[PDB]
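Report on the structure given below.
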Amino acid sequence: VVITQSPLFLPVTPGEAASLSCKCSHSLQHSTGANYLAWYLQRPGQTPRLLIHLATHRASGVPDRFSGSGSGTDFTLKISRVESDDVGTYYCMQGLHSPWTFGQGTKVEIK
Amino acid sequence: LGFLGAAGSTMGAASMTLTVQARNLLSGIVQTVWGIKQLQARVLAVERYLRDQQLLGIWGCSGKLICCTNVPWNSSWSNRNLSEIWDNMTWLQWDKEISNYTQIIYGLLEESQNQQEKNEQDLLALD
Amino acid sequence: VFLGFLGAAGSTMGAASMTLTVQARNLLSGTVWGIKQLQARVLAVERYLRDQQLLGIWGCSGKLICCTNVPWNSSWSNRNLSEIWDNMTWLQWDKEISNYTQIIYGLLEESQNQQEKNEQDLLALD
Amino acid sequence: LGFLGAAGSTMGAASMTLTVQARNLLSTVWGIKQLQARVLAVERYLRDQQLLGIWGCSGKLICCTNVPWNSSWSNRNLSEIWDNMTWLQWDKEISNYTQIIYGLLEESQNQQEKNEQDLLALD
Amino acid sequence: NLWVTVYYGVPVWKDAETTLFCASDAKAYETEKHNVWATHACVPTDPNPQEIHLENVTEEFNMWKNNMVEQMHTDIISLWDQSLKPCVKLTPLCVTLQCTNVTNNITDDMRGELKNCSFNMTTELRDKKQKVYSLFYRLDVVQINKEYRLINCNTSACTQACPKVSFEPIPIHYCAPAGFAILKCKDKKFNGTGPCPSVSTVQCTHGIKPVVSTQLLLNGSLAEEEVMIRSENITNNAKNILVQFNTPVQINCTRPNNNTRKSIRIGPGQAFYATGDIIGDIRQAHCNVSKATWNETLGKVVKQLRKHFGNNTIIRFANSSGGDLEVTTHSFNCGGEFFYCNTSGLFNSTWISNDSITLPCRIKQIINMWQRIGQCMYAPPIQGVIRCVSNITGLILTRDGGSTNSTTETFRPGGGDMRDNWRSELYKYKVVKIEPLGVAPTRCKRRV
Amino acid sequence: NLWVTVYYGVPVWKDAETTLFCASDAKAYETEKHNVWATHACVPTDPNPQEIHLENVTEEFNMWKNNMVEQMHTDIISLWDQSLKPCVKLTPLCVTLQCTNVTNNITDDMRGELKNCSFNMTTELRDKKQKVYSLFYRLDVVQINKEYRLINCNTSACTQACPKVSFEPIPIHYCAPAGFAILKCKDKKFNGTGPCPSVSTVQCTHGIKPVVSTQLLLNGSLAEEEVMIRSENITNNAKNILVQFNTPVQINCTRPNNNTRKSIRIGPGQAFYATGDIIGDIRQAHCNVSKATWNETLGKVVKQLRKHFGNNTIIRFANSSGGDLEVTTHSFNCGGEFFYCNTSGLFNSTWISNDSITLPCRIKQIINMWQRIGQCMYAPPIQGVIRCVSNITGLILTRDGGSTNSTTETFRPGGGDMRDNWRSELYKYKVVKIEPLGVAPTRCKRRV
Amino acid sequence: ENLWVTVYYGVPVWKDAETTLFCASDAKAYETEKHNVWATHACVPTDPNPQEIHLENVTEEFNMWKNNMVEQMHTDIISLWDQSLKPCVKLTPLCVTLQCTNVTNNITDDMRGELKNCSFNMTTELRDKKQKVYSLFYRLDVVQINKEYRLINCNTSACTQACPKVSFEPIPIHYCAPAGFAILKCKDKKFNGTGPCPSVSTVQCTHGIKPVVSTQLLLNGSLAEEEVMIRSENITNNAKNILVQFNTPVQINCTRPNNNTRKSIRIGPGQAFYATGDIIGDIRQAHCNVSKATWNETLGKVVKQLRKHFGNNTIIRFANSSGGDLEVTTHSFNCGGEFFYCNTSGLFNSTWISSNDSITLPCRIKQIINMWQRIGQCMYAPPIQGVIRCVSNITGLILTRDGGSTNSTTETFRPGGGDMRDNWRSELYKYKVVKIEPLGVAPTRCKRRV
Amino acid sequence: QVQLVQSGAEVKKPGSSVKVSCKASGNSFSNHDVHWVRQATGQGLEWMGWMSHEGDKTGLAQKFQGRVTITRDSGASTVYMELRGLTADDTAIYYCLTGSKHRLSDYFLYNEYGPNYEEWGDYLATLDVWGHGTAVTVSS
Ligand SMILES: *[C@@H]1O[C@H](CO)[C@@H](O[C@@H]2O[C@H](CO)[C@@H](O[C@@H]3O[C@H](CO)[C@@H](O)[C@H](O)[C@@H]3O)[C@H](O)[C@H]2NC(C)=O)[C@H](O)[C@H]1NC(C)=O
Ligand SMILES: *[C@@H]1O[C@H](CO)[C@@H](O)[C@H](O)[C@H]1NC(C)=O
Ligand SMILES: *[C@@H]1O[C@H](CO)[C@@H](O)[C@H](O)[C@H]1NC(C)=O
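Protein chains in written order, with the entry's author numbering: chain L, 2 to 27, 27A to 27E, 28 to 107; chain a, 520 to 550, 569 to 664; chain b, 518 to 547, 569 to 664; chain c, 520 to 546, 569 to 664; chain A, 33 to 141, 150 to 185, 189 to 309, 312 to 321, 321A, 322 to 397, 411 to 505; chain B, 33 to 141, 150 to 185, 189 to 309, 312 to 321, 321A, 322 to 397, 411 to 505; chain C, 32 to 141, 150 to 185, 189 to 309, 312 to 321, 321A, 322 to 397, 410 to 505; chain H, 1 to 52, 52A to 52C, 53 to 65, 68 to 82, 82A to 82C, 83 to 100, 100A to 100R, 101 to 118.
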């Protein structure tokens, strides 16, 4: 079981949009198809915050500008109406296959 | 006229239709554990019938509907006149009178019959 | 010489009448199969006592050959007496009286009913 | 007296108490064996009656026949029996000949039947 | 000078008890209806009854000491079980249900009487399960605490009635073995006890439908001339009064709901019949009976109750004195649906000397017949609407109270015992044993 | 002039139907072992039954209206079902199976006829499961849509035949009770209906083995002189044409696989005997029959069919028409294994006025014997190599075609009905009831 | 002179025969309102009074080792037992994986390590939810899977729980011969089971025979008259047991002191399992008591009779059983419904050369029971609340001789459970069935008329 | 609200073991699960292990298999993760947190007599609340 992310870096300006990608090792057709995917966003000196769980549900307090999609061995996340606070590293965590693991991480910075 | 249809007529008129009842004392049906109800019924009819037939035999009355014997009729049982017993009285009425003494009579008849076999045996021996 | 059970089925009615005791003796005695037993056994008794029942109310208890008072009829059979006992067989015969069996059994009941009453009447001379 | 109460009396004395022993010859773990036991009483009781019918002894407890007594059957005189013997003790001696005597009786009475019927017409 | 002489075959009899066997016509057998009152077991009946009238004879009957009723009771119950022996046991139905009210078209009267339940369920394959739903009446589910269960699960599992079999009563005749006889009393004013001047004898009884009911005897035999009131001890308040109308009151029963049948496979070769969904509007099942013909009938009942309680008594009626549903209501069966109609509108009056009356009726499918416990049965739902019309040919009443010697008598409906439904049919018959031997004196002695 | 004389014991009989009872040779098979059609519970047969020949008595027999056949059918079935009652019920085997083709040293003829399945099942302890595997013939499993299920799971749960009870056809003797007799027809050329000049009476019938087969009568009684063609109405196409041989035809049949048996514990005291594994090469079963022996036998059959269908008619045999395997193949039992042989090599010829024929044969383990539905049986596998050397003694044929014009009759094998299999043994028997009462005139008169 | 055959019907002649005797129980027993496995209710009622007729001058031959009344009683007892357990709960779901630990609260030193405290997951009345339950099991009922246990019967067969509404207490039953047969009763006081019986009688039914199931010790049986009787099929054999019958009864008290509680576990719709709750008070051992004075003399009477068969100057020993399974190497019975297995090694002891004491016999207990030496037909006996105590008196023994050769100075007898039909053979040794043969023929001086 | 508390930072030599202690408000560990993650300067998140809220399951990645064990006290009032076999690279910050899981039926197998067989599969839904974060370093 392995996970990969792309892009590695994302220079973005406020008011723009960005997209992220995530990969799953197995095309495990189980548990509603989209199965259990978790996204997290981290900044230095701060614990990460859950962004999307089950690959399509918005976490409490997350603005509607964040959305995700995917299935099988591939997954995707999207961002819009970017603001300054959005900088940091985004991680996608696979919750289906035991043991579970995080992702490589995708960084977002001001442009 | 039918089976048991003389029940209300007097003993004289009832005794003239004995055969109709006698043919009804046997074979009263046209012929899965539930059926043992009916099967035990068929055996019951046969088991009673052979008892009545056998009881006659040990009295010497085998094979007869009307059979005479030679045991004296004790007057204590009923002093009623023959002009009343057979003319203005019924079997269903009569059985009530002689119910008490019936078991005693069944012993006298078997006692008299045993003598006839002994009496007949001795007589044939003299030949 | 022997002509066992049913052995005289084709013999002349006179010769078949000479061996009654072998037929009359074979009419009695002789878990799926559990009820294949009792029904046959109980039925065998029921049918046997039915014939002795009839044979008793006719005045013929225990007799294999029994002469009765009821007169014959020419309508029942028109042929002579020599043909019946020397030129017919029992299986052939009952085909002819089959039309009249039931009425004859009725006449024999009454003919017995008169005897027993008359027998009682005659014994009243004392 | 009583049922089988004469088994040790002399054969002559046992012959005077026949009735008491004849009356007693008839009448689901324990439910189906009943029908087997009940019926076997009837089937055995009718066997005895049938033989007394062909032999001409129906309806009697003591019956006489026309068959002469073959001396070879038992040489005992008429005094040793009926006075110094018992039915079991008598049964044990006639065991071999029993099956053939029943045939002489069965044939000597069918002779009576035709002879009787002929007379009713001949006379 | 007289001696003993024996006669064999005399017409004498005495009271007895024996095993009577059932005989029915082959109309139901030739087409393979397979009624629970098995005609396969019962022997073919005679083409026509042969009844002999015994003139000049007097016989003493007693309808309450008759044993035919106690033998018919065991016969009926036994035939019931034998039909349920092969039917599928609903053991996998005792799971946790999840029910919600149906309100698609439910009228206010029936609001809340049936529920829409869904549950896990087994399948043909042992390693898989299915999710299914079924409509269950309110009386057949108890909240377990929106989680319910079938009411019977803590006592026993029910066998679902083989849908192929039929509950419709068919006449069954009770026949006497050889050496026995049945004597029928033909006296019209016969009150079920005491000597009956006119008598006959029959080989088999008349066709008796084993109708199961309560508080009202349906499809029975009608009296003649006047209404007959019968009680074991009519001065005892513990004994029920078995009325018998001389004219049949007609009652119409139905359930308008057009419910659908659905079959669910709960194992290899086994199926469970769910209740589907109801086409059209859902409403209450009721029973009708004319209010005019029912008013005159009570007028004819009251003038007979007067003779046993007085001319000046105020005869009043009430509804059942509470208790279980199966006893406080007119419970019967028609079309495979078990009704429990509320008869509080029939017994409500005071007598001091077109139109119809409607009876709301409930329905349930977990059924405990014969007042037994732990032997329930599940009646499959039936396709479409059900309707049926029947006589009302008698009642079962009970008194109450002893405040005064005789001022006001209130008679409530009863039916606590199921034998009374059959004591109202066999009251004419008694079983006797024939004793053909008889010894009398005559002038005759054996010759020689 | 003449009077009625009644005779008791006359030899007169009439056709009747009653219940016959079984009887087996007993001592001939000492050290008895349990089997269906239980040898025990059958009254032992006498060492020398007494057959009596009746002189010049002619009786009219009929083998198609015979009732001994109908009672035997309901009797063989009953003995079959009561033997499966105590054995294991394979409900736990109705699970999802994962099967893969068997290719371990497999011949092209048997390329894919048996699968190799693995499935989950519980063990003696209910809370723990075991993963087990077994070899199943392709006729027994159906895809679910690699996932297969046993063909019977959506119809019924099969019972596993007990391994201690055998299917060997032990001979049976049908005996008539007291008051009845059985008439044997001694005529060599009796065609099953009409008068039989030579008659006799026996206590019990000869040894009849209930060999269940199809379109070939195995181990049967031979015609004494000639091949006999017997049918109810020869001119009727819808009537099966029974044939009897005067000479047997050896048929050697075998299963050339070395199967191993394996016991899987599915509960307390319960084991399901799986097919462990095949040791060696995998080849199909087959029967052999000499080409010269059979071609001679069909020659006689045609020589006799001509008598009914004319001298000049061309007679062609053809293989079965169609239907399910149970009726379109020569199904039988050989050592406990159930075969279904494709007989298209026997019935293949056109007839005008050393080498062994081999018949491919299939195998099954889910058996439906008497054409019923929902009463499958699981025959456990037998370890080793099976072989039977029975010989053939009859056929069950049918014809077709022809309407106002015909010149060549075609016959095909057929008949799945089993009472046609025992109708070939009881065609020379009938049961009658003795009527001992007879009344005939005579010159005698009663004395008084 | 000459003589002709005469036919007599009804003569007193009989021949040995085998048939089906039907039961007969006391009518008053039905009013107890509770059924028992012996099905006295379905058994025929008994006659109000006994009818017995003494037969003088008649000698008959009896044989208790070929009597068929015992073989029928054996089948009836087995058949009755099975029918009673057909409708009761079947404990298949109890064959699961248990987790057990020893009980040690108020545990007596002798009894330590016998009772386990097992816990398992079980289904409730609902087919979805599961419940965690516990129950106490004796060590003889559970085995370890090779802390984790299982019931002993699971790999053999499931057991049907005994209905708590049916009893095991013996109810006397009489065997009655149907019409056409009879039962002959040897009235001799010193009858040894085979040979002539100087005194005989006929009865309509046998005396009340209690079907007491026991091993090594015949309890509640009939006592002999004037002496102790030794009865063996072939006394000079070693494979034939010896059925000693005591002249004077010896009492044996037994108890199960534990104050245990019953506990109902519902395992399905309408069907419940009766488990054992925690005990109340101390945990002790079960035991029976025998007075050593009466047992010391009762062996004194037995040894003297044995001297009449094996020698007048032999040294008679006794030993403790032979070894084997509890069902044969111990005195087994049931007292109140609990099945005991008592170690009687102390009763048979000490050798014979030529007032307030007791003998305590330790007893085990069991609940999974195989009764008739059958395989795969176990039964589960539910626990009984409260201390159960029974008092009964022994009336016999089933001994076995070891068969020493060339050293006849000593003969050692060991108790033996033998077959269960020897238990009832000790009550039917007086009875045999005979078939009446009424027809007879004898010669006389008579002849038929005409 | 559910909140967590952890112990203080520590420094150890290579080859020793560190047993961290974690606490929660309201004993939420009795109703929710616990997961463990660590992160170092410039390194990504590294899942370590977890323990179910019923105690039935306790899983860890192969990276720390054998090198870590997790236990908790009575009432789920305190939970400890012990790391043994410390190395220089292990210097990072460890976090105590709670996550939610889905319990689903993975395989079913019916029984007439006894409790039906069943196999249950856990799936990681979300991580809910993180702890303070404990810093552990390995140095000479
Ligand atoms: C009752 O039991 C005694 C023993 O306690 C039986 O005696 C034994 O009978 C057998 C069989 O005949 C004898 O075996 C034979 O002995 C000699 C040995 O040379 C020889 O004939 C044969 O080779 C065979 O082995 C045995 O010796 C004998 N034992 C004694 C001690 O005499 C007796 O037969 C039994 N009675 C009945 C009726 O069963
Ligand atoms: C019934 O009739 C009997 C006989 O005449 C009489 O004694 C009794 O009082 C009547 N009453 C009832 C309620 O049946
Ligand atoms: C129970 O006691 C036995 C000895 O009786 C001992 O071997 C075993 O270890 C003990 N088990 C426990 C759990 O105490």
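Note that beta-carbon positions come from the ideal geometry of N, C-alpha and C, so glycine has one too.
- For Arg504 (chain B), no alpha helix (DSSP H) segment is defined, and its DSSP state is neither H nor E.
- For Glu91 (chain C), DSSP records a beta bridge to C:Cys239.
- In this structure, the alpha-carbon of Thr37 (chain C) lies about 26 Å from that of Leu593 (chain b).
- In this structure, the CA atom of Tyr40 (chain C) is about 26 Å from the CA atom of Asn656 (chain c).
- Annotation for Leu154 (chain A): the continuous beta strand (DSSP E) segment containing it runs 154-162.
- Sequence-distant Cβ neighbours of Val134 (chain B) in its own chain, meaning closer than 6 Å and more than five residues away, are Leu154, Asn156.
- The stretch 290-308 of chain C and the stretch 478-486 of chain C do not touch, with fewer than 3 CB-CB distances between them shorter than 8 Å.
- Here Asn33 (chain A) is exposed: its Cβ has fewer than 16 other Cβ atoms, across all protein chains shown, within 10 Å.
- A direct Cα-to-Cα measurement between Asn88 (chain C) and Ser546 (chain c) gives close to 28 Å.
- Between ligand 2 and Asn283 (chain A), a heavy atom-to-CB distance of less than 7 Å is absent.
- Checking the DSSP bridge columns, you'll see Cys126 (chain B) has no partner listed.
- When only Cα atoms are considered, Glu83 (chain A) and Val539 (chain a) end up about 15 Å apart.
- The alpha-carbon separation between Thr499 (chain C) and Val505 (chain A) amounts to approximately 22 Å.
- The nearest non-hydrogen atom of ligand 1 is 7 Å or more from the C-beta of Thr71 (chain B).
- The beta carbon of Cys201 (chain B) does not come within 8 Å of any beta carbon belonging to chain b, so the residue lies off that interface.
- By the beta-carbon neighbour count (other beta carbons within 10 angstroms, threshold 16), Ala9 (chain H) is exposed.
- By the criterion of at least three beta-carbon pairs nearer than 8 Å, the stretch 524-532 of chain a is not in contact with the stretch 89-102 of chain L.
- In terms of side-chain proximity, the C-beta atom of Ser274 (chain A) is found nearer than 7 Å to a non-hydrogen atom of ligand 2.
- Just so you know, the alpha carbons of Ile622 (chain c) and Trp631 (chain c) end up roughly 8 Å apart.
- By the criterion of at least three beta-carbon pairs nearer than 8 Å, the stretch 50-69 of chain A is not in contact with the stretch 51-68 of chain B.
- A distance below 8 Å separates the beta carbons of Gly109 (chain H) and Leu93 (chain H).
- If you draw a straight line from the Cα of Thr455 (chain B) to the Cα of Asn67 (chain A), it is about 40 Å long.
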